[PDB]
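K.L.:
Here it is, the structure in full.
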Amino acid sequence: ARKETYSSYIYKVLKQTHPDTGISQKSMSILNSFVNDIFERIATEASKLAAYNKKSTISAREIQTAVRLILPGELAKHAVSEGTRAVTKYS
Amino acid sequence: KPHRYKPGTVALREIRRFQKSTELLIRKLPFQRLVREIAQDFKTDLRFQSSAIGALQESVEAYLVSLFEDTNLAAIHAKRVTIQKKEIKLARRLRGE
Amino acid sequence: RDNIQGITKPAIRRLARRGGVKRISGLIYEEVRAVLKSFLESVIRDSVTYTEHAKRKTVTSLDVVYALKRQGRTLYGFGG
Amino acid sequence: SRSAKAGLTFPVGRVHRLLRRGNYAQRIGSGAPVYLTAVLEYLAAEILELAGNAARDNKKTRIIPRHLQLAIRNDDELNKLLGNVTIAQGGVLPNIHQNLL
DNA sequence: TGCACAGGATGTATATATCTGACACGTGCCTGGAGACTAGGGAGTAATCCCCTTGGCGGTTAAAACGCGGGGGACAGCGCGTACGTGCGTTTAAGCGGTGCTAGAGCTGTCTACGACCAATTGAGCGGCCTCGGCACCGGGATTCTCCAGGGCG
DNA sequence: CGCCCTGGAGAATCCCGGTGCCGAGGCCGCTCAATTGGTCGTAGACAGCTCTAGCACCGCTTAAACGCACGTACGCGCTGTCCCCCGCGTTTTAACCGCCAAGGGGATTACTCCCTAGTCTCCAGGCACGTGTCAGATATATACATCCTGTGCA
C-alpha cells in the first residue's frame, strides 16, 4: 500500500534553513500533523467564508482574508506578504 | 547522629527530577485493566490495539499535570503550600467544566 | 473488579510533582482518582461510538485521535 | 511543476486536487493552492527554524519533540495560535513559582 | 632464624574485530503538467430610495457625581497538634526475553439498487395588511418584614 | 452594672383589579422551488482471499509499593485592630424635546457582457521503496601488572 506525507519537503526546507541539524521521525510526524491540521483550518474557514458571500467559488481572496482573520497580525502580515508575492510572481 | 533532611527539602529535588523526565508515571498493566474495565460495560468482547493506549495515558498524564498546575495556582491564591479538595473543584469548574 | 485502585498514591504524588505541588492533602488522591474515572468514560465512550460506526471489533489509534478531535483537545503524535 | 517557477516547495497539484476532492465549494481558483502552499511553507519554515535553534541550544544535531515543544511554547504567536494542542514526548516548561522558594 | 628475590597466578585497562541503526543513493506506476472546448458564474454599470444626518440655541427632568458616619468585616499576631514530610526494611508484580495461534484487519472483482441530472405542475409557503385581546403600568389594600427601644434578666 | 427577649413601629412586597395600547396572527395575493417521472452510469455492499500484529502465556529480574515510626510545622482557631466602602443627603450634568427643514451616499435590484476553469484527454516523472554503506555501541585478545609462593640466602 502507499501513503502520502510531507517528509521530503520538510527535509528540503530544513536544508534551506539549517542544512546541518537533522529531524527525528516522531518530530516529523508531529510536523505532518501540524500541516495537516492547518490545512483543514484554512480550508474550512475558506469554506465558511465562501458560504457567507453566497458564492460557490473559492479564490485567493478568501484565502487572504481567511489567513488574516485566523492568524495573529504578525503571522497574517508576513503570510499575506510572501503569499501575495508568490502568487503575483506566479501569474 | 543520623542524617535527616528537614521537611520540604526532598520535594524540590523531586520537582527537579520529574520535571526533567518525559517518561510516563503510570504503569502499563493497571491502566490496561482500567481501560478494559471501562470498556466492559460499554461494548462486550472488544479488542485494544498495542497502540492508542499510550495516547489515552499520554493525554491523561499531560492533561492532569496542567490540572495540577492550575490547581496549584489556586492553592497559592489561598496563601498556603497545600493543595486541598476545594482547590481541585475551583480550578476545575473555573475552566468551564 | 475494582481496577480504578490500580493507580498508586505515589503515582499521584509524582503527577503532583510534575505540576509543581509541594505539600499534598489526603483527599487529593481520591478526588484525582474520581476525575480520572469520569474522564476515561468521557473519552472511551466516543472511542466506542466511532468503533461501532466503523464496523470493527478492535479499537485503533485513529479512533482515539478522532475521538479527541471533536472535543477540541486534538491529540498529536500517535495516530496523527 | 509550477512550484519551482513560483519559488515554492510543496506541490500545487496535490493541494489543488485535495481541495477539489475535499468537498469545499463547486468552483476553485488557480491562485488559491499557490497561496495556501506559500502560507504553509512559511509556517513550516518558521517551525523548522525555531525548533532548529531550540536544538542548537541543547547542543544536539537532531530535533527531539522537547525542542519543538519549548520552541512553540516560548513564542507568543505560536502559543496563542495553538493553545489546546497536546504534544507527545514534549514535556513541560521549567516553571518554578517564586513563593515556593 | 629473619629476610629479600625471582618467577608464577591472577586483573585490568587497553586495543581490535564485530553487531544494529540510520543516513544515503538508484528505481518505475500512479500521481502531476499541460493542451483544447464549453459557459455560466463573476466583474461592471444604471437608477434608486431610504433611512440616516447637519448645527445649535433654550427648558426641564432623571441620572450621574460628591461628601460624610461608622459598622462591621478584612486583616495582622499568635499558640496548638495532628497530618503529612522524611527515612528505613519488606513484598508483589511489572519489564522484558521468548512462543504458539488466530481472527480480525486489509486490498480487490460484480452488479445493482439507486441516487445524480433534467422537463412539467402547483400549492404550500412568503410579502402585505389590519385588526382586538392579551399586555403594560399603576392604585387599593392586606401582608410580611426588618429596625429600634426597654427590662427582665443576667 | 450592662445583654437576650419582647413589643412597638415602619416600610417593602404580594396580589388583585382597571383601562389604554400595539403587534400576533389571520387573511389574501401571489409565485417559485418541491414533486413526479424518466434516464444514466456508478460507488457500496458481498464475498474472496490473505496476512499479520494482537492474544494469551511462561518464567527470570529487578524495582517501585507498602507498612510503619518519628516529627515538626503550618492549617486552623481565636483575638484585637482599624479603616473603607455602604447608606443617604445634597450638587451637577446628559439627554429629551421645540424651532425650523433640507438633502445624501451606499446597499439593492436589475441588466449586461466575457473569460477562467470544469471536463476531457494523453504524456511524462518522482517520491515510496529496496539496497549500500558508515557511525556508534558491543564484546573480546593482550601486554603488562599486582599478590602469592617457592626459595635461596648471612
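Every chain in the C-alpha cells takes a letter, A first, then B, and so on in the order presented; its residues are numbered from 1, and the ligands are numbered from 1 following the presented order.
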Would you mind listing, as number ranges by chain, all residues of chain E that have at least one atom within 12 Å of chain B, where only C-alpha atoms (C1' of nucleotides) are what counts?
P.N.:
E: 83-88, 93-95, 103-105
K.L.:
Provide as a ChimeraX atom specification the residues of chain A at most 6 Å from chain D, counting only C-alpha atoms.
P.N.:
/A:21-24,27,47,56-60,79,83,86,90
K.L.:
Would you mind exporting N, CA and C atoms of the selected residues as an mmCIF file, in the first residue's frame?
P.N.:
```
data_model
loop_
_atom_site.group_PDB
_atom_site.id
_atom_site.type_symbol
_atom_site.label_atom_id
_atom_site.label_comp_id
_atom_site.auth_asym_id
_atom_site.auth_seq_id
_atom_site.Cartn_x
_atom_site.Cartn_y
_atom_site.Cartn_z
ATOM 1 N N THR A 21 21.482 20.412 11.254
ATOM 2 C CA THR A 21 20.668 19.686 12.219
ATOM 3 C C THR A 21 19.647 18.797 11.517
ATOM 4 N N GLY A 22 19.534 17.553 11.991
ATOM 5 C CA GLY A 22 18.561 16.620 11.468
ATOM 6 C C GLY A 22 17.251 16.659 12.237
ATOM 7 N N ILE A 23 16.306 15.839 11.779
ATOM 8 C CA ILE A 23 14.968 15.774 12.355
ATOM 9 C C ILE A 23 14.637 14.320 12.656
ATOM 10 N N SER A 24 14.130 14.065 13.860
ATOM 11 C CA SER A 24 13.699 12.728 14.231
ATOM 12 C C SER A 24 12.388 12.374 13.531
ATOM 13 N N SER A 27 9.204 13.684 15.502
ATOM 14 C CA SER A 27 9.010 15.114 15.279
ATOM 15 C C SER A 27 8.519 15.384 13.864
ATOM 16 N N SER A 47 -14.124 27.704 3.390
ATOM 17 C CA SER A 47 -15.430 27.174 3.011
ATOM 18 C C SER A 47 -16.555 27.985 3.643
ATOM 19 N N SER A 56 -20.099 30.240 -4.874
ATOM 20 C CA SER A 56 -19.646 28.862 -4.997
ATOM 21 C C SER A 56 -18.177 28.763 -5.388
ATOM 22 N N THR A 57 -17.481 29.891 -5.501
ATOM 23 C CA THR A 57 -16.095 29.925 -5.943
ATOM 24 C C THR A 57 -15.188 30.363 -4.800
ATOM 25 N N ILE A 58 -14.073 29.656 -4.636
ATOM 26 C CA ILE A 58 -13.053 29.990 -3.648
ATOM 27 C C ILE A 58 -11.806 30.436 -4.396
ATOM 28 N N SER A 59 -11.413 31.688 -4.196
ATOM 29 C CA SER A 59 -10.257 32.280 -4.856
ATOM 30 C C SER A 59 -9.206 32.652 -3.814
ATOM 31 N N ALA A 60 -8.126 33.281 -4.287
ATOM 32 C CA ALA A 60 -7.061 33.721 -3.392
ATOM 33 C C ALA A 60 -7.521 34.815 -2.439
ATOM 34 N N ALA A 79 2.505 36.297 6.209
ATOM 35 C CA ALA A 79 1.904 35.269 5.366
ATOM 36 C C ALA A 79 1.213 35.883 4.155
ATOM 37 N N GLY A 83 2.819 35.436 0.575
ATOM 38 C CA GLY A 83 1.837 34.736 -0.239
ATOM 39 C C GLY A 83 1.462 35.513 -1.488
ATOM 40 N N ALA A 86 4.351 35.480 -3.904
ATOM 41 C CA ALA A 86 4.499 34.245 -4.667
ATOM 42 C C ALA A 86 3.407 34.105 -5.720
ATOM 43 N N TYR A 90 3.889 34.253 -9.654
ATOM 44 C CA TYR A 90 3.489 33.083 -10.427
ATOM 45 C C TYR A 90 2.656 33.482 -11.639
#
```
K.L.:
Could you go through chain A and tell me which residues DSSP, when run on the backbone, assigns to strand (DSSP E), listing them as an mmCIF file with C-alpha atoms, in the first residue's frame?
P.N.:
```
data_model
loop_
_atom_site.group_PDB
_atom_site.id
_atom_site.type_symbol
_atom_site.label_atom_id
_atom_site.label_comp_id
_atom_site.auth_asym_id
_atom_site.auth_seq_id
_atom_site.Cartn_x
_atom_site.Cartn_y
_atom_site.Cartn_z
ATOM 1 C CA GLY A 22 18.561 16.620 11.468
ATOM 2 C CA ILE A 23 14.968 15.774 12.355
ATOM 3 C CA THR A 57 -16.095 29.925 -5.943
ATOM 4 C CA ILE A 58 -13.053 29.990 -3.648
#
```
K.L.:
Run DSSP on the backbone and grab whatever in chain D lands in helix (DSSP H, G or I); send it over as number ranges by chain.
P.N.:
D: 2-5, 12-21, 32-57, 65-74, 76-81
K.L.:
Within 10 Å of residue 4 of chain A, counting only C-alpha atoms (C1' of nucleotides), which residues qualify if same-chain residues fewer than 3 places away don't, as a list in words?
P.N.:
residues 7 of chain A; 14 of chain D; 127 and 128 of chain F
K.L.:
Would you save the residues from that selection as a compact mmCIF listing (two decimals), in the first residue's frame, using N, CA, C and O atoms (P, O5', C5', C4', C3', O3' and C1' of nucleotides)?
P.N.:
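Output contents, as saved in selection_32.txt:
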```
# COMPACT_ATOMS: atom_id res chain seq x y z
N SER A 7 7.37 14.54 4.25
CA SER A 7 8.74 14.26 4.69
C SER A 7 9.79 14.96 3.82
O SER A 7 10.56 15.80 4.31
N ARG D 14 -1.08 18.61 -5.68
CA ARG D 14 -1.67 17.82 -4.60
C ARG D 14 -2.64 18.66 -3.77
O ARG D 14 -3.68 18.16 -3.34
P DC F 127 9.29 14.26 -5.68
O5' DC F 127 8.82 13.48 -4.37
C5' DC F 127 7.44 13.16 -4.18
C4' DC F 127 7.23 11.67 -3.92
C3' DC F 127 7.87 11.12 -2.65
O3' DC F 127 7.10 10.02 -2.17
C1' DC F 127 8.81 10.04 -4.49
P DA F 128 6.78 9.87 -0.60
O5' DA F 128 6.63 8.29 -0.39
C5' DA F 128 5.41 7.63 -0.73
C4' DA F 128 5.64 6.15 -1.02
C3' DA F 128 6.21 5.33 0.13
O3' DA F 128 5.71 3.99 0.05
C1' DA F 128 7.79 5.41 -1.64
```
K.L.:
Given a cut-off of 10 Å, which residues of chain E touch chain A, counting only C-alpha atoms (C1' of nucleotides), written out as number ranges by chain?
P.N.:
E: 30, 41-42, 106-107
K.L.:
What would the file look like if the residues just selected were written as a compact mmCIF listing (two decimals), in the first residue's frame with N, CA, C and O atoms (P, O5', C5', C4', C3', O3' and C1' of nucleotides)?
P.N.:
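In the end it all went to again-v2.txt:
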```
# COMPACT_ATOMS: atom_id res chain seq x y z
P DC E 30 -0.24 1.17 -10.12
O5' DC E 30 -0.60 2.05 -8.83
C5' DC E 30 -1.45 3.18 -8.96
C4' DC E 30 -0.72 4.46 -8.58
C3' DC E 30 -1.60 5.71 -8.54
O3' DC E 30 -1.20 6.55 -7.46
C1' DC E 30 0.16 6.03 -10.06
P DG E 41 -23.60 29.03 -12.49
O5' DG E 41 -22.56 29.72 -11.49
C5' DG E 41 -21.20 29.33 -11.51
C4' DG E 41 -20.28 30.54 -11.61
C3' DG E 41 -20.60 31.68 -10.64
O3' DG E 41 -19.40 32.20 -10.10
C1' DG E 41 -20.55 32.50 -12.84
P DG E 42 -19.42 33.14 -8.79
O5' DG E 42 -18.50 34.38 -9.20
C5' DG E 42 -17.17 34.15 -9.68
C4' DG E 42 -16.69 35.33 -10.52
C3' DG E 42 -16.80 36.69 -9.85
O3' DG E 42 -15.67 37.49 -10.17
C1' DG E 42 -18.01 36.71 -11.87
P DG E 106 -6.51 -2.01 9.11
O5' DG E 106 -6.32 -2.62 7.65
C5' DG E 106 -5.15 -3.39 7.35
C4' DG E 106 -5.19 -3.88 5.92
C3' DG E 106 -5.88 -2.94 4.92
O3' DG E 106 -5.14 -2.90 3.70
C1' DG E 106 -6.85 -5.07 4.80
P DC E 107 -5.29 -1.65 2.70
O5' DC E 107 -5.40 -2.32 1.25
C5' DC E 107 -4.23 -2.82 0.60
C4' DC E 107 -4.60 -3.78 -0.52
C3' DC E 107 -5.37 -3.15 -1.68
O3' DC E 107 -4.98 -3.75 -2.91
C1' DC E 107 -6.66 -4.87 -0.73
```
K.L.:
Return as an MDAnalysis selection string the residues belonging to chain F that are within 9 Å of chain D, counting only C-alpha atoms (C1' of nucleotides).
P.N.:
chainID F and resid 116:118
K.L.:
Residues at most 12 Å from segment 75-83 of chain B, counting only C-alpha atoms (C1' of nucleotides), excluding those fewer than 2 positions away in the same chain, as an MDAnalysis selection string?
P.N.:
(chainID B and resid 8 11 67:73 85:91) or (chainID C and resid 13 16:17 19:29 31:32) or (chainID D and resid 97:101) or (chainID E and resid 83:84) or (chainID F and resid 74:75)
K.L.:
I'd like the neighbourhood of residue 135 of chain F as a PyMOL selection string, where a residue qualifies if any of its atoms comes within 10 Å (using only C-alpha atoms (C1' of nucleotides)), though same-chain residues fewer than 2 positions away should be ignored.
P.N.:
(chain E and resi 21-23) or (chain F and resi 137)
